Structure formats: structure tokens, C-alpha cells
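Right, one structure below, let's go through it.
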Amino acid sequence: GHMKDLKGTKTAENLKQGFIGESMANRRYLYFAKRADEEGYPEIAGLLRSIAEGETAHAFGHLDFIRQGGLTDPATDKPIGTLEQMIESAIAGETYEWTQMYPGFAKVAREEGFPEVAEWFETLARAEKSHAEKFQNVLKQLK
Amino acid sequence: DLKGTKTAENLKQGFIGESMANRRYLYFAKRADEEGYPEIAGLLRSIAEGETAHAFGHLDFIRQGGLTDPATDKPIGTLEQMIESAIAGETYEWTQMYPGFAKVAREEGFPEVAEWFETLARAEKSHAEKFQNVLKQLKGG
Ligand SMILES: [Cl-]
Ligand SMILES: [Cl-]
Ligand SMILES: [Co+2]
Ligand SMILES: [Co+2]
Ligand SMILES: [Co+2]
Ligand SMILES: [Co+2]
Ligand SMILES: [Co+2]
């Protein structure tokens, strides 16, 4: 039942879009909670944190259907069935970000006259290269 | 002014990718946990904290640059605006997005997936109502 093949369906696309939205909702609500914290609204901060746990549960349930339905990781288009595949998906996305995505973002920010944003993107490119290397060391261990 | 720039769009896409990376790594950590790889689980959780810091810094530049929430295209400068953003996205999800995903899943022969989407529609309605009660408290002082 939950093992039915979802490949080629609109439902497959909808699970991907739901995962994206849920992922953003958790991040948004935790960020909003920091503002409630500063301003002295602990009940609102607590509600934001509790609802954020709900959006974790939603995002993880979307990933369960993606994996059980034979779909790929929404971020990388790589299989994530096994732990080894999960680490290979982590490596693929980190490698895209440090080789291509953040360096390109930093070049654009400098060109448009945002050097402070460009320095941030350059920091992140170096950070994602470190992440890729740490994950590569783990994959070598598992294999 | 970041408004209308390519850099605005790059901060939005960076926020999306970072948001997904933290969720992905915490999900992967659960499989490491089950299988008895606590060093791998620990690394995934520590790197996930990295990706929180990346996402939040992207939101810092977005807010400071007068750009809108990546998810809702609503301003997020003040706490009231943040709660209004929360309400807008929850409302979209329960009134349109998850009902529509549930109908497509039923029509394509995936009743279990459709039931999950219907559960989530009802959940996001409850979220919207709780955030609406917060907004009333803030707006009414
Ligand atoms: Cl409060
Ligand atoms: Cl381990
Ligand atoms: Co089943
Ligand atoms: Co949700
Ligand atoms: Co990373
Ligand atoms: Co990152
Ligand atoms: Co919600």
C-alpha cells in the first residue's frame, strides 16, 4: 500500500513541493521565535517552537512517502533508500553548493554592489566544502 | 536596495536549499540512530546546526534588505508581520494546497498519500487558528 510506485505522477511532484514548504516553515517559525524571545513573548515563542515540531513531522512524513514510493531526494534527485545513499545525497548537494552555487552567488553579489552579502556567500561556499569532506570521510568508513 | 536584484533571488533560493538540508540531515540521522552509527548521527546533527545558521543568516539579509518571506512573499520585519506571514502560509496550505494535493492523490490511485494530505490540511487549519489568536493578542496590545 505505502510501497506503491509513485514515479511519473503529479503526486510525486506534490510530495516534493510539500517537503520544500514544510522545510521552510520549520526554519521560518524558529527564526520568528528568536524575535518573540528578544521582545519578551515567551508564550508566542513557545507556540512557534511547538508548531515548528509539527512541520518537522510533516516534512519527515513526506520523505517517508518519497522513499517508500521509489522517488529521489527533493534537494539532489539522488536515491535515499539506504544510509549509504543518504550520505551520497548529502555529498552531492554539498558539492553543488561549494563548486557552483555559493561561488556564483558571491560573484553576482559583488557585481551588483553587495560586498557584505558576497562575503557571506564566500563563507558559506567554504563551509559546504568542509561539510562535503566530512561526509566523504564517513562514506569511506561505511563502504 | 536588494529589491529587484539577482542577489534577492539568490538569498531566496539559498534559504530554500538550506531549509531542506537541515530537514534532510536530521531525517538521515534517524537512520544512523537505528543502525548504530552514533558518530555519523552526531556529524549529521552538528552539520544540520550549520545549515540552521546558514538559513537564518539568509533571512537576516532578506529582512535587513526589505525583502519578503521566501515562503509567502509577505514582509517579516516586525513580530506582527512574522505572525501575519505564518497565518498567510498556513491559510494557503489548508484552504488550497493540501486539499488539492489530496484530490490529485485520490484521482491517481494513492489513497494512503491522500489521507496523509487530508491530515495535514486539518493540521495547518489548527496552526492558522492558533496564530490568528496570537495576532489578536499583539494587534489588540
Ligand atoms: Cl507571551
Ligand atoms: Cl558511527
Ligand atoms: Co503499504
Ligand atoms: Co506543515
Ligand atoms: Co552544508
Ligand atoms: Co548550508
Ligand atoms: Co503549519
Side-chain angles (χ1 to χ4, degrees), chain A residues 2 4 6-32 47-48 50-69 71-75 77, chain B residues 9 12-24 27 55 59 62 67-76 81-135:
Chain A
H2 71 296
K4 201 344 134 83
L6 294 176
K7 192 168 194 205
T9 66
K10 290 211 313 194
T11 293
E13 295 292 345
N14 291 344
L15 286 160
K16 171 180 184 176
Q17 289 310 311
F19 176 73
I20 296 168
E22 294 289 349
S23 297
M24 287 197 282
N26 172 284
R27 272 57 277 287
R28 288 159 58 237
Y29 293 166
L30 294 182
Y31 184 83
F32 301 163
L47 177 67
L48 282 158
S50 188
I51 290 181
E53 294 293 345
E55 313 308 17
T56 302
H58 294 170
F60 288 184
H62 295 328
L63 291 177
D64 288 340
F65 284 109
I66 286 169
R67 287 174 61 256
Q68 290 158 6
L71 303 178
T72 60
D73 188 329
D77 199 25
Chain B
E9 181 62 35
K12 175 179 181 176
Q13 297 304 318
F15 177 76
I16 294 164
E18 294 290 348
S19 294
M20 288 197 284
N22 173 277
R23 271 56 280 283
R24 284 157 62 238
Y27 185 88
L59 291 177
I62 283 169
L67 302 175
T68 60
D69 185 328
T72 66
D73 197 28
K74 296 195 57 108
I76 50 166
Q81 285 179 329
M82 292 173 176
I83 300 303
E84 289 169 328
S85 179
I87 294 164
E90 298 289 354
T91 301
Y92 167 66
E93 293 164 3
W94 82 258
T95 67
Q96 294 175 233
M97 192 191 76
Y98 281 132
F101 286 1
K103 174 176 191 291
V104 172
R106 285 194 188 281
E107 290 193 356
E108 289 189 319
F110 302 121
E112 296 180 38
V113 180
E115 284 192 281
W116 171 242
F117 291 142
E118 290 293 1
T119 295
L120 269 49
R122 294 196 292 272
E124 307 310 10
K125 187 177 175 181
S126 295
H127 295 170
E129 290 167 348
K130 297 306 181 183
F131 286 129
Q132 285 175 326
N133 288 351
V134 170
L135 190 66

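Chain letters run A, B, ... following the sequence lines, proteins first, then strands; residues in each count from 1. Note that these values count all heavy atoms, side chains included, but never hydrogens, waters or copies made by symmetry.
- Judged as a ring-ring contact (aromatic ring centres under 6.0 Å, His included), and not counting sequence neighbours, the contacts of A:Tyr29 are B:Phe131.
- The two atoms that bring B:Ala102 and B:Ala114 nearest to each other are O-CB, 3.6 Å, heavy atoms only.
- In this view, B:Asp69 and A:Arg28, B:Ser85 satisfy the side chain to side chain donor-acceptor pair (under 3.5 Å) rule, not counting sequence neighbours.
- For the atom pair CD1 (B:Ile83) and CD (B:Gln81), the distance works out to 11.5 Å, reported to the nearest 0.5 Å.
- Considering only heavy atoms from C-beta on, B:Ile16 comes within 4.5 Å of A:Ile20 through its side chain.
- The CG atom of A:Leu6 sits 10.5 Å away from the CG atom of A:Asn14 when rounded to the nearest 0.5 Å.
- Applying the side-chain contact (heavy atoms from CB on, under 4.5 Å) rule to B:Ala128 yields the partners B:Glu90, B:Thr91, B:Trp94; only residues at least two apart in sequence or on another chain are considered.
- Annotation: ring-ring contact (aromatic ring centres under 6.0 Å, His included) contacts of B:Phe110 (sequence neighbours excluded): none.
- Residues passing the side chain to side chain donor-acceptor pair (under 3.5 Å) test with B:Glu93, sequence neighbours excluded: none.
- Annotation: the span from B:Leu135 atom CG to B:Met82 atom CE amounts to 13.5 Å, rounded to 0.5 Å.
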Show the atom names and distances, to 0.1 Å, of all donor-acceptor pairs under 3.5 Å that link a side chain in residues 57-67 of chain A to residues at least two apart or in another chain.
{"from": "A:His58", "atom 1": "ND1", "to": "A:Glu22", "atom 2": "OE1", "distance (Å)": "3.3"}
{"from": "A:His58", "atom 1": "ND1", "to": "A:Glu22", "atom 2": "OE2", "distance (Å)": "3.2"}
{"from": "A:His58", "atom 1": "ND1", "to": "A:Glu55", "atom 2": "OE1", "distance (Å)": "2.9"}
{"from": "A:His58", "atom 1": "ND1", "to": "B:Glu124", "atom 2": "OE2", "distance (Å)": "3.0"}
{"from": "A:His62", "atom 1": "ND1", "to": "B:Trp116", "atom 2": "NE1", "distance (Å)": "3.0"}
{"from": "A:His62", "atom 1": "NE2", "to": "B:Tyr98", "atom 2": "OH", "distance (Å)": "2.9"}
{"from": "A:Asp64", "atom 1": "OD1", "to": "B:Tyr27", "atom 2": "OH", "distance (Å)": "2.6"}
{"from": "A:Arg67", "atom 1": "NE", "to": "A:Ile80", "atom 2": "O", "distance (Å)": "2.8"}
{"from": "A:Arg67", "atom 1": "NH1", "to": "B:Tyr27", "atom 2": "OH", "distance (Å)": "2.9"}
{"from": "A:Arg67", "atom 1": "NH2", "to": "A:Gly81", "atom 2": "O", "distance (Å)": "2.9"}

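- Applying the side chain to side chain donor-acceptor pair (under 3.5 Å) criterion to A:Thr72, with sequence neighbours excluded, gives A:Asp77.
- Listed by chain and residue number, nothing satisfies the ring-ring contact (aromatic ring centres under 6.0 Å, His included) test with B:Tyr92 (two or more places apart in sequence, or in another chain).
- Residues passing the side chain to side chain donor-acceptor pair (under 3.5 Å) test with B:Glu84, sequence neighbours excluded: B:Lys139.
- Listed by first and then second residue, the salt bridge (charged side-chain N to carboxylate O under 4.0 Å, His left out) pairs that reach into residues 95-117 of chain B are B:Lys103-B:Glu107, sequence neighbours excluded.
- Here the CD atom belonging to B:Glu118 is positioned 12.5 Å from the CZ atom belonging to B:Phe101, to the nearest 0.5 angstrom.
- Atoms CD and NZ, from A:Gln68 and A:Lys4 in turn, are 14.5 Å apart once rounded to the nearest 0.5 Å.
- Identified under the salt bridge (charged side-chain N to carboxylate O under 4.0 Å, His left out) test for residues 6-16 of chain A, with sequence neighbours left out: none.
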